[PDB]
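Quick note: the coordinates plus some simple rules give every number you see, no bench work behind them. Cβ: placed from backbone, ideal geometry, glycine included. Neighbour counts: every protein chain shown.
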4 protein chains.
Amino acid sequence: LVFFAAXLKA
Amino acid sequence: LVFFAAXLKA
Amino acid sequence: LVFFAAXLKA
Amino acid sequence: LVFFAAXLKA
């Protein structure tokens, strides 16, 4: 999973 | 939250 | 996968 | 990122 909310887990 | 995992929750 | 960073794919 | 998939990366 790519996540951003201001920064991978995919 | 902006996410991508294959597409806003922020 | 349950995810949160501000919101399931598990 | 707070996550749970059974346990922070944020």
Among C:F4, D:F4, A:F3, rank each residue by its count of other Cβ atoms within 10 Å, from fewest to most, as a rough exposure measure. D:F4, C:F4, A:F3
Counted charge near A:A10, where neighbours are those whose Cβ lies closer than 12 Å (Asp, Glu -1; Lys, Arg +1): +3
